[PDB]
Every structure is written in structure tokens, then in C-alpha cells.
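Since the structure comes first, as C-alpha cells, the remarks are kept for the end.
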Amino acid sequence: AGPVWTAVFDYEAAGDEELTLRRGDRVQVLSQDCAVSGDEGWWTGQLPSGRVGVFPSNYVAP
């Protein structure tokens, strides 16, 4: 288990590294660290899919 945030807005991936989020998607945040994501404010998450990728943290809510 890891902390689960819910997407409040749709986000469309630009790159293969990025997650697409659709409103209401549950995301387990593996790291908030920008060393891992590559950009400040971008976190690393995993979907119920098991798909892992980076996404903008301003799209998720507790």
C-alpha cells in the first residue's frame, strides 16, 4: 500500500513517461521527489492498472 490521491481534473500525458489522469482516477503516489519525477511539482504515481508514471500534482486531491 502507498498513499492514494484522487484526480480532480483530467490530465492528458505529453510523453510516454507521463500518466494520463481522468477525473476520479485513484493514484498511489510512490514519490513526491522531483529527483525521481524530473520536475518540481510532478510526482510519481501508479494506477490500479499497475501502470507507473509521472504526473502534475495540482491534478490530485486527498
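Each chain of the C-alpha cells is named A, B, ... in the order shown, its residues numbered from 1; ligands are numbered from 1 in display order.
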Using only C-alpha atoms, determine which residues lie at most 8 Å from residue 33 (chain A), disregarding the query and same-chain residues fewer than 4 positions distant; provide the list as JSON, numbers by chain.
{"A": [37, 40, 43, 44]}
Close residues, residue 23 (chain A) itself excluded, 6 Å, only C-alpha atoms, min 6 positions apart in chain, as a list in words:
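Residues near the query, excluding close chain neighbours: residues 7, 8, 9 and 10 of chain A.
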Could you give me, as an NGL selection string, each residue of region 6-49 of chain A that DSSP assigns to strand (DSSP E or B) when run on this structure's backbone?
:A and (6-7 or 11 or 18 or 21 or 26-31 or 42-46)
Computed interatomic separation between CA of residue 58 (chain A) and CA of residue 42 (chain A) (Å)
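Separation between CA of residue 58 (chain A) and CA of residue 42 (chain A): 8.4 Å.
Between residue 60 (chain A) and the candidates A:46, A:32, A:20, A:6, the tightest atom-to-atom separation, counting only C-alpha atoms, involves A:6.
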Quick one, how far is CA of residue 4 (chain A) from CA of residue 38 (chain A)?
20.8 Å
Need the shell around residue 49 (chain A): protein/DNA/RNA residues with any atom at most 12 Å away, counting only C-alpha atoms. Skip same-chain ones fewer than 6 positions apart. Format as a PyMOL selection string?
chain A and resi 19-20+25-28
Selection to disk with C-alpha atoms, as a PDB file, in the first residue's frame:
ATOM      1  CA  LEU A  19       0.400   9.316 -16.687  1.00  0.00           C
ATOM      2  CA  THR A  20      -2.902  10.235 -18.202  1.00  0.00           C
ATOM      3  CA  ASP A  25      -8.684   8.122 -11.072  1.00  0.00           C
ATOM      4  CA  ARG A  26      -7.069   6.785  -7.905  1.00  0.00           C
ATOM      5  CA  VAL A  27      -3.294   7.270  -7.856  1.00  0.00           C
ATOM      6  CA  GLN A  28      -0.888   5.662  -5.416  1.00  0.00           C
TER       7      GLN A  28
END
Nearest residue to residue 57 (chain A) out of A:16, A:35, A:2, A:29, using only C-alpha atoms?
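Of the candidates, the smallest distance to residue 57 (chain A) is held by A:29.
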Extract the full set of alpha helix (DSSP H) residues from chain A according to DSSP on the backbone, and format it as a PyMOL selection string.
chain A and resi 34-37
The selected residues should be written to file as a PDB file, in the first residue's frame (atoms: N, CA, C and O atoms).
ATOM      1  N   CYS A  34      11.228  15.271  -6.751  1.00  0.00           N
ATOM      2  CA  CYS A  34      11.436  15.775  -8.094  1.00  0.00           C
ATOM      3  C   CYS A  34      12.680  15.165  -8.720  1.00  0.00           C
ATOM      4  O   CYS A  34      12.815  15.186  -9.934  1.00  0.00           O
ATOM      5  N   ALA A  35      13.574  14.610  -7.888  1.00  0.00           N
ATOM      6  CA  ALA A  35      14.723  13.817  -8.366  1.00  0.00           C
ATOM      7  C   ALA A  35      14.252  12.601  -9.149  1.00  0.00           C
ATOM      8  O   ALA A  35      14.892  12.177 -10.112  1.00  0.00           O
ATOM      9  N   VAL A  36      13.109  12.062  -8.747  1.00  0.00           N
ATOM     10  CA  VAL A  36      12.561  10.857  -9.362  1.00  0.00           C
ATOM     11  C   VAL A  36      11.656  11.239 -10.542  1.00  0.00           C
ATOM     12  O   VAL A  36      11.733  10.618 -11.615  1.00  0.00           O
ATOM     13  N   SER A  37      10.821  12.261 -10.357  1.00  0.00           N
ATOM     14  CA  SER A  37       9.918  12.700 -11.434  1.00  0.00           C
ATOM     15  C   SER A  37      10.632  13.467 -12.536  1.00  0.00           C
ATOM     16  O   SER A  37      10.244  13.405 -13.691  1.00  0.00           O
TER      17      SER A  37
END
Distance of CA of residue 18 (chain A) from CA of residue 54 (chain A), expressed in Å to one decimal place:
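Spanning CA of residue 54 (chain A) to CA of residue 18 (chain A) is a straight-line distance of 4.6 Å.
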